[PDB]
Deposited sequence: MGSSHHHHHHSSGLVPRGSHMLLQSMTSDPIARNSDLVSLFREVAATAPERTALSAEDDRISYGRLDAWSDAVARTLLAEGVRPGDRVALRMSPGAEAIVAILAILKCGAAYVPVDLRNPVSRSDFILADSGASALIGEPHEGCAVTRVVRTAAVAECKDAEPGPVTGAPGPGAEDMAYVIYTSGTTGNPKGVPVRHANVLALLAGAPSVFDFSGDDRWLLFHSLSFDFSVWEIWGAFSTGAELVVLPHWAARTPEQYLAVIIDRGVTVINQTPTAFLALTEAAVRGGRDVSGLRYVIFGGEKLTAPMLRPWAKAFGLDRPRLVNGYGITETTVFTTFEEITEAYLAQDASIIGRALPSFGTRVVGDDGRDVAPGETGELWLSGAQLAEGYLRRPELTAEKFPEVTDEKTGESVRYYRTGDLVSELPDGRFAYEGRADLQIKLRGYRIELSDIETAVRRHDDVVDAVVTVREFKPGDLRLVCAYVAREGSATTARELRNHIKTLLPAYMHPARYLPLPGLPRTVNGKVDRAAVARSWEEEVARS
């Protein structure tokens, strides 16, 4: 086969082949600064040498604390080239979380800038990375070697998820069952390196020989700045949370921007419903760009299912995550003796080459979350199979509570609220009214350009749910509060009340 993705079994071999084949093509751009594949390959070989001198060796975990930029990408390639795995430290981590991640992962070196009080002293500064830029530049990693460790909160200790070269290659090989990508695409590098969305951004581009466009620091604050850059730089593929997409849509429409240069907008990370999509579709249609809902988890290498948005999607009030990539086996499992009857809601279980080995030094947890039956991962997500095989996403599986004589599925209440045409987000929690009087309450976000009263929402819910599942109060918020890992911050919401 001529296909580099099918032919290579690790990311370093893949990158090296893509680069060597057409080394003058642009791999990475930052403003007007264009870095060719050949240049990037040599640059990262040089930085790898610097890491070798710091004792970095195959199997090592090397911390990475940098904002998404050219140097950070060079650093990633260098770490991988040393046969090591990178451990991204979110710049906006509380100091305690960073301390734990470094300790837990046994990071033996850090590249970039150490957070204040950082315990790792073996440091390759960003400046040293830049120094290597235009210089001349070991077996390299194998398929079963770790490429990165990304930590996912849930509360408890953050769980380290080691993902192998083979895991990522499985994802990259699955992508073309859904997407038409080529070396002429330009991908925006946007997400924090500590979020696995960035793994998809980086390797989506590199695996296809495309250009990775860095969002400049000046453009990092507003959707207007974001749009200016993606349009100016001829970006064809962007990746967004549904939340970010709301802001993008509003800026595009109000600013009269031309978005038709985009080929794909790819969603991940949150429940996607039609009210979040209808305004973009109204202005821009669904062809240029194509919109694709992606569902995935750190533990199964970024993405698991995709659903390309269609007119049909816009005409229904639920959330559809679509069909699983070819590597996956799936089960929808009840409590019980497991498998549910088609159409019924249960926990999604996943199998296949995209599954991580398990958590880092968490034998207890791994055994539970990665059971054998064929090895599976229990997503902790509730879904239901549609008549045609696509999955609808219901909610998280740990949201049942006990209240006033009932077991209550908070996820079902949230889903019912999300069915309202003028709601784009919602969180249901329990709070105290009178002492000894606890009740369901719902914080929600109105569709831009709409205003829905508590009374109207109560009336909406009356048609869908029994009275014991009715929120007692509603609270409109500009947006829901979010963690840096977030995603909605379910705990901060309770505080907003």
Missing stretches, numbered from 1 on the deposited chain sequence and kept in order: 1-26, 164-168, 186, 406-413, 538-544
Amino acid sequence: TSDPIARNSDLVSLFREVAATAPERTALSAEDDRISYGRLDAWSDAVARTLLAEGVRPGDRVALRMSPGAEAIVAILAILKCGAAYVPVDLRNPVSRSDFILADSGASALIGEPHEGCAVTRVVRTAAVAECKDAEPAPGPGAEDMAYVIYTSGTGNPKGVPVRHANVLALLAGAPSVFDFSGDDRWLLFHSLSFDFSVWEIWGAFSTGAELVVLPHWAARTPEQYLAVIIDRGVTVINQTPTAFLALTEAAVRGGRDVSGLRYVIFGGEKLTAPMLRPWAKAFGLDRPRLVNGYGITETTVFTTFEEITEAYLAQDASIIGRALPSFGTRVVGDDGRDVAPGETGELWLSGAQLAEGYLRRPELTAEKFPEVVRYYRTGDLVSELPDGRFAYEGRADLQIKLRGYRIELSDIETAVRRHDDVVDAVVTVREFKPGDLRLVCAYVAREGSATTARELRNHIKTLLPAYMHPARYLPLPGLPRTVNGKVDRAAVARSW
From here on, numbers count along this sequence of modelled residues.
Could you check which stretch, 212-220 or 93-101, carries the larger mean CA temperature factor in the entry? 93-101
Tell me which of 309-317 and 76-84 has the higher mean C-alpha B-factor in the deposited entry. 309-317
Of the choices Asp421, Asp412, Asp336, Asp184, which one's C-alpha carries the largest B-factor in the record? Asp336
Please work out which residue in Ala127, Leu171, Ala228, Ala281 has the highest C-alpha B-factor recorded for this crystal structure. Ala127
Chain thirds of CA B-factor: placement of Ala175: lowest
Against its chain's modelled residues, does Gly55's Cα B factor rank lowest, middle or highest third? middle
Can you tell me which third, lowest, middle or highest, the CA B-factor of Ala19 falls into for its chain? lowest
Within this chain's modelled residues, let me know which third the CA B factor of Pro466 belongs to: lowest, middle or highest. middle
Taking the chain's C-alpha temperature factors as the reference, tell me which third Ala274 falls into: lowest, middle or highest. lowest
